[PDB]
Each structure stands twice: as C-alpha cells, then as structure tokens.
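**Student:** below is the sequence, then the experimental coordinates.
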Amino acid sequence: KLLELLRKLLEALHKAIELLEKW
Amino acid sequence: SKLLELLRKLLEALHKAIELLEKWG
Amino acid sequence: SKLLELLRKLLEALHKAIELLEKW
Amino acid sequence: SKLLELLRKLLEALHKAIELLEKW
Amino acid sequence: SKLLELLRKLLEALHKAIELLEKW
Amino acid sequence: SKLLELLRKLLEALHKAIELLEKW
Amino acid sequence: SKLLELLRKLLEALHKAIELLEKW
Amino acid sequence: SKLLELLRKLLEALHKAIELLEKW
Amino acid sequence: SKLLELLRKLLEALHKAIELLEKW
Amino acid sequence: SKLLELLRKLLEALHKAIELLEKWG
Amino acid sequence: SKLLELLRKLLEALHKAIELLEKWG
Amino acid sequence: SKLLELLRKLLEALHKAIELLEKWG
Amino acid sequence: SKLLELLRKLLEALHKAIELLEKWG
Amino acid sequence: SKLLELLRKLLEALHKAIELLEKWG
Amino acid sequence: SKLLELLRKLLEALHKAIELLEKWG
Amino acid sequence: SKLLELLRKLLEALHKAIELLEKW
Amino acid sequence: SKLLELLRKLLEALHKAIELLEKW
Amino acid sequence: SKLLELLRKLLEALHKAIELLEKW
Amino acid sequence: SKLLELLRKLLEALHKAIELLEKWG
Amino acid sequence: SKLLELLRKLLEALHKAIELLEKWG
Amino acid sequence: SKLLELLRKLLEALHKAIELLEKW
Amino acid sequence: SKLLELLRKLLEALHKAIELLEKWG
Amino acid sequence: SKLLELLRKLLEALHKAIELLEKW
Amino acid sequence: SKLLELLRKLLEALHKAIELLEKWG
Amino acid sequence: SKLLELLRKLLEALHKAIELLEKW
Amino acid sequence: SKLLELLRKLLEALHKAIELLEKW
Amino acid sequence: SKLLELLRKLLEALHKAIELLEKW
Amino acid sequence: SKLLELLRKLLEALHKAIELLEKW
Amino acid sequence: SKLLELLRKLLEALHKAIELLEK
Amino acid sequence: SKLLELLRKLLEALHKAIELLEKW
Amino acid sequence: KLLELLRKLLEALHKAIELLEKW
Amino acid sequence: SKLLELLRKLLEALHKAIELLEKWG
C-alpha cells in the first residue's frame, strides 16, 4: 500500500538517475 | 533498456496508487 | 485530495517515460 | 529537459507518498 | 455556485474513471 | 455502462466550463 | 491561459471518452 | 493506455479548476 | 459533437500558439 | 514577430466559437 | 514542427466550421 | 448566424500561419 | 477550400507517418 | 489500422493535386 | 491511375464501414 | 446516408474493376 | 450489371444534389 | 427551394432502385 | 413491377432539375 | 458545372431504367 | 424521349470533351 | 479512346438532332 | 485555343437543347 | 489477373451491404 | 423555333474535332 | 454484425487490391 | 508551376507507402 | 526503415505546397 | 531523503525560473 | 507571484544546501 | 562539493533579489 | 540577461547536485 508505493517510487527513481547518468 | 525497466516499475507503482485509491474513501 | 496528486504527477511521469521511449 | 521534468515528477510523487505515510 | 459544481463534476467523473481503470 | 455515465457527466463538466467562459 | 487551457484538457478527456465508447 | 491518458488529463483539468477557485 | 470538436482542435491550436510564443 | 498576431487570431476565433456557443443550447 | 502541428489543428478546425455551415445552412 | 464570422476568423488565422511559414521560413 | 484542404490531408498523412514512426525507436 | 489511414490521406492529397493540375493545365 | 482510384474508393468505403461499426459498437 | 456513401464508394470501386478487366 | 450501375448513377446524382444543398 | 423536392426525388428513386436490388 | 414507378421518379426528378435550370440559369 | 453533371447522370439512370424495363418485358 | 436522349449525348459529349481538356 | 468516344457521342446527338428536325419539321 | 473553342460551341449547343427541353 | 478475384469480392461486399440495407433500412 | 441550329453547333464542334484528329 | 461481415469482406477485397498493387 | 512538382512528390510518397505496405 | 524516407517525402511535398501558399 | 529534498527543490526551482523567463 | 514562489524556492534549496553541509 | 553547491545557490539568490529590487 | 545568467547558474547548480546524487546512488 503506502510503503509499497514508496518502495516502487524509490526504485523507479534510482533507475531514472542512472539512466540519465548514462545519457 | 533500463528505460523500459523504469517505465515498467512506474506502471507497477501506478497500479499501486490506483489500488490505494480504490480503498481510500 | 492529496494522494490524488500523487496519482497525477505519477501519471504525468509515466507519460513522460513513454514520451522518451517514443523520441528514442 | 524532458528527463529533468520527469525527475521533478518522480520526486514530487515521492515527497507526496512521504506526506501521506507520515500523516498515517 | 458554478466553480464548485465544476469540481464535483470532475470528481464524480474521476470516481467512475478510477472504478473502470481498476476493473478494466 | 459505467463509461456511458462517465461520458455523460464529463459532458456536464464541459458545459459548466463553457458557461463560465461565456459569463466572463 | 489557465482556464481555457483547463477547458482544453477537459475537452480532450471528453474526446478520449468518446474514443473509448467507439472501441468498446 | 487511453484510459490512463483520460484519467491523467481529467486530474489535470481538476488541478486547474482548483487553482482557479483558490483565489477567485 | 461536431462543434465541440471544433472548439477542441482550435484550443489545441491555440495552446500550441502559446508554446511557440513563449519559446521562440 | 507575427506569432503574436497569429495568436490574437486564434484567440478571437475562440471568442467567436464561445459566443456562438452562448446562442444555441 | 509544433508549428506544422498547429497548422494541422487549425485546418481541421476550419474544416469543421466548413461542415457546420454545410449542416446549419 | 455568427458561424460565418467564425469561419473568416479561422481563415485569416490560417493566412497568418502561412505568412509565418513564409517569413520564419 | 480545395488547395488548403489538400494541404490538410497531406499534413494529416504526415502526422500519422510520424505517429507510427514514433513507436519503432 | 493506421497505415491504411496514411494511404488514404496520401492518395486523397494526390487526387486533389490531380484535380488542381487538371483545372490549371 | 485507375487502380489508384480503385484503391482510393476502396479504402474510403472500408473507412465508412469502420465508422458505422464505431457508431454501432 | 453514411451506409449509402459506403455503397457509392463500393459501386464505384467495382466499376473500376470492370474497367481494368475489359482492357486486360 | 446494368442494375447496379443504374444504382450507381442514382447515388452519384444524389451526391451532387447533396453537395448543392450544402452549398446552400 | 426546388432542390428540396429534387433531392427528395433522388432519394425516392434510390430506395425504389435498392428495393429492386434486394428483390434481385 | 414498381420499375415503371422507378421510371416515373427519375422523370419527376428531371422535371425539377429542368425547372431549376430555368430558375437560376 | 456540377449540375450538368447531375442532369447527366440522372438521365443515364433513366436510360438504363428504360433498357431493363424493355428487355425482360 | 428523343430530345432527352439528344440531351444526354450532348452532355456526355460535353464531359468527354472536358476530360481531355483537363489533361490537355 | 477518349478521342473518338468523344466524337461518337456528339455525332449521335447530331443523328438524333437530324431525326428530331425531320420529325418535328 | 484548339480544343477550347470546340468545348465552347459544344456548350452553346448545350444551352440550346436545354432551352428545347425547358420549353416543355 | 487476380483483378477478377478482387472483382468477385467487391460484388460480394456489395450484396452484403445491400442485404444490410435490407436489415437496417 | 431554332430547333435545327443545334446541327450547326455540333457541326462546328465536329469541324474542330476532325481538325485536331487529322492534325495529329 | 452482418455489418461487421460487410466490413470484413471489404477487408479481404482491399487485400486483393493491394495485392494487385505490387506487379506495378 | 510547382503544382506538378508537388504531384510528383505525392506520387513518390505514394510509391514508398505502397512498398512499405508491401513490407508490412 | 523506409518510414524515414517516406516522412522526408511528405515534408517535401508539404514545403512545395507552402511555396504555392507563399507566391499565391 | 535530505539530498532528494535538495534535488527536488532545485528542480522545481529550475522549472519555475523557466516558467518565468517564458514571460 | 512567480517571483516570490521562485524566491521561496531558491531560499529553501539554499537552506537544505546549508543543513546538508552542517550534516556532511 | 555540498559547499560550492550552497555557494552557487547563494549566487543565484543574489541574482533573484537583483531581479526583484527593480520596481 | 538577468534571467539568462540566473538560469545558467541554476542549471550548473542542479548539475553538481545530480552529481552528488548519482555518486551516492
């Protein structure tokens, strides 16, 4: 629920950061 | 690649949010 | 009326992931 | 530009998840 | 007397939207 | 069904916005 | 800007509700 | 997909209806 | 139907005018 | 340059549309 | 680009005004 | 009815987009 | 209402070419 | 379902181009 | 250009079948 | 009406078939 | 053959009458 | 105004035709 | 059977077209 | 133009009506 | 009969003349 | 074919013009 | 020029026979 | 060649529309 | 009256058409 | 329904059309 | 003058469309 | 793939259109 | 969280400056 | 108001620049 | 690192107050 | 000029911020 939402958001967030780190 | 991973995880978070909505009234 | 906004900006974010996918 | 705004949203959504969970 | 109504309209449309999105 | 009514009240919200536009 | 543009995104939402009625 | 896009722009419409009444 | 579609594509055109004015 | 004139054009056309909206419905 | 896009939406608009005269004419 | 004023409006707006394609072209 | 509508349909064809382009990378 | 739409807008533009050349030859 | 015309009218006819199915389903 | 426009396009299309055949 | 092509001339004529009326 | 009845006539001939068509 | 009536209809149609040729041309 | 067209195809309709009336009959 | 037929051959003559005039 | 399809039709009109001349002469 | 004058006199013929008819 | 199969299918779709006219209109 | 000069009009039409045909 | 069958046969026809399209 | 060039270009676009359709 | 060249073509024909738009 | 807070406020600031220059 | 919101923001990320320094 | 970050923030803030004190 | 320099500075500030982030994860 709330913390599952949190988990996924942080995941997606780090994903994005390293993605531009590449691009 | 990691882009698609990104969007998949964002979709799972999406479904999450929608579920939370379905509950919270 | 606040998780609504969580929802939304998330949706926008999703759509922007989509848009990056499109441009590339 | 587009990725940057996407980050803006990712965070804002997150920060929002914070706000909610903190309140509950 | 009209703006509020506008908002509630979007909120009920949103209610139906949430329901059909969760189900569909 | 659900979507039919959704569309209906969507139209409603629409007409309201139009009313506000025309009034001011 | 931020009222006619409100009207715009509503009209869009309406457009795509139609599109969904068509398909389904 | 188009259902999520609808939900998206509906909430954005609602966001701007809010911004409107939040002073007017 | 037809007329709301008219207002719709006109608004979109106007919205793009806004974008162009602002950027260029 | 002429973007502003073109914008004004879209705008006035829009006024026209909403005015006509006012008068049938 | 976005310029051509707006030209398009203008044209579809103009054409729907065309059709509106054809109907309520 | 004012649909004809409306049509003229779209028309000169199109003229404007065209003159754009010219000048900023 | 003839050449400009030629223009319309060209732009729309270009719109849809664009569209299905913007799914294959 | 959209490639075919592209075909038709293309050939409709094409056909209008014909009609134009046929009146202006 | 004759088969062309055949294709043009064919796709158009096709489209109108589509549009009636989207009026009736 | 709309069916009849389809009917018309169909009849033409097939007349074109006639035309192509008789020559070929 | 000639039956359907009779129909064809009928429909095209209908079409031209339609277009004239629309011009009015 | 005569176009009114002219087009009525075309339509009538047209249904007569397609009546015969289905009967054939 | 109603073929003769079909002929009558095409006739009356031409009649009106003739009267209109007079009316405008 | 555009009405000699209508006149013209109406008449062809008349002519084919004539023929099929007389042929089987 | 025969004048209306006269008319038709006149007319198709007209149109098959316009035909070649277009591409000629 | 247009070349002399063209003439066939005019000439037949003329044939019947002779015919009508003689009859209603 | 060449085909033009031809179509022209063809048209004079047309309006002639048109009168022929329109008489009765 | 396959022109002819195309023809047969056009005819078939034609009667399909005709009987759809029977059922609807 | 003048139920013949159509002959003249088609005649001149024919003069010009045979002119073109024999010309090229 | 029958309408859809109508559509589907239009499909296979257009298929054979674009099939013809290849040799030239 | 450029009508022709536009024609040629639409035609070429048509060729490539045709053959990309031949592809898929 | 050849979608790219096709798009280039479309834009070309478009530019030529615009040139006509420009001179006239 | 604190760094993300830094970032987020930087990003919103970026876009607010952007929206202002659009004037 | 955009100026004060922006100012507000510059100050806030400033404070966190500070507090993050005083931490790390 | 975080230091110069704070610094640049102060710089940008000076620019903002400069834009503000105009009217 | 004013906002130009503001945006330049703000951009590089964000740049080094994302640098620290990307560093820490």
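**Tutor:** Nice, thanks for sending it over. Residues are numbered from 1 along each chain as shown, chains lettered A, B, ... in the order given.
**Student:** output stretch A:3-11 in PDB with nothing but the alpha carbons.
**Tutor:** Extracted C-alpha coordinates of stretch A:3-11, given in PDB (Å, rounded to 0.1, in the frame of the first residue of the first chain):
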ATOM      1  CA  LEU A   3       5.000   1.700   1.700                       C
ATOM      2  CA  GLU A   4       4.800  -0.500  -1.400                       C
ATOM      3  CA  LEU A   5       4.200   2.800  -3.200                       C
ATOM      4  CA  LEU A   6       7.300   4.100  -1.500                       C
ATOM      5  CA  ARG A   7       9.400   1.100  -2.500                       C
ATOM      6  CA  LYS A   8       8.400   1.300  -6.100                       C
ATOM      7  CA  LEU A   9       8.900   5.100  -6.300                       C
ATOM      8  CA  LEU A  10      12.500   4.900  -4.900                       C
ATOM      9  CA  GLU A  11      13.200   2.000  -7.300                       C
END
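**Student:** any buried residues in that stretch, and which?
**Tutor:** Neighbour-count burial for stretch A:3-11 flags A:5-6, A:8-11 (criterion: 16 or more other C-beta atoms under 10 Å in any protein chain shown). Placement of C-beta: from N, CA and C, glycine included.
**Student:** report whether it contacts chain AC.
**Tutor:** No - contact of stretch A:3-11 with chain AC (C-beta under 8 Å from any C-beta of the partner chain) is absent, the minimum separation being 9.0 Å.
**Student:** for the closest residue to chain M within chain A, what are its contacts?
**Tutor:** Residue nearest to chain M within chain A: residue A:23 (14.5 Å; C-beta to the nearest C-beta). Shown in contact with residue A:23 (C-beta atoms under 8 Å, 6 or more residues apart in numbering or on different chains): residue D:3.
**Student:** among the buried residues of stretch A:3-11, which lie within helices?
**Tutor:** Of the buried residues of stretch A:3-11, the ones assigned to helices by DSSP state H are A:5-6, A:8-11.
**Student:** nearest to chain AE, of those residues?
**Tutor:** residue A:10 (21.5 Å).
**Student:** quick check: closest non-adjacent residue to the closest one.
**Tutor:** Spatial nearest neighbour of residue A:10, chain neighbours left out: residue D:14 (7.0 Å); criterion: C-beta to C-beta, 6 or more residues apart in numbering or on different chains.
**Student:** quick revisit: can you name the two of the ones in helices among the buried residues of stretch A:3-11 that are farthest apart?
**Tutor:** Within those, A:5 and A:11 form the most distant pair, 10.9 Å apart (C-beta to C-beta).
**Student:** run a quick neighbour tally on residue A:1.
**Tutor:** As a burial measure, residue A:1 scores 12 neighbours (other C-beta atoms under 10 Å in any protein chain shown).
**Student:** contacting residues for it?
**Tutor:** By C-beta under 8 Å, 6+ apart, residue A:1 lies in contact with B:16, B:19-20, B:23.
**Student:** can you name the residue of chain A nearest to chain AF?
**Tutor:** residue A:21 (4.8 Å).
**Student:** what's the burial count for that residue?
**Tutor:** For residue A:21, the count of nearby residues is 12 (other C-beta under 10 Å).
**Student:** that one sits in which helix or strand?
**Tutor:** Assessed by DSSP states H and E, residue A:21 sits inside helix A:2-22.
**Student:** what angle do that helix and helix B:2-23 make?
**Tutor:** Counting by axes from the mean of the first three to the mean of the last three C-alpha atoms, to 10 degrees, helix A:2-22 lies at 160 degrees to helix B:2-23.
**Student:** which other helices and strands contact helix A:2-22?
**Tutor:** Judged by 3 or more C-beta pairs under 8 Å, 6 or more residues apart in numbering or on different chains; DSSP states H and E, the packing partners of helix A:2-22 are helix B:2-23, helix D:2-23, helix AF:2-24.
**Student:** switch to 10 Å and redo it
**Tutor:** Using 3 or more C-beta pairs under 10 Å, 6 or more residues apart in numbering or on different chains; DSSP states H and E as the contact test, the elements touching helix A:2-22 are helix B:2-23, helix C:3-23, helix D:2-23, helix AC:2-21, helix AF:2-24.
**Student:** how about chain A: which residue is closest to chain P?
**Tutor:** Residue nearest to chain P within chain A: residue A:12 (46.7 Å; C-beta to the nearest C-beta).
**Student:** tell me who's in contact with that residue.
**Tutor:** B:5-13, C:10, C:13-14, C:17, D:6, D:10, D:13-14 (C-beta atoms under 10 Å, 6 or more residues apart in numbering or on different chains).
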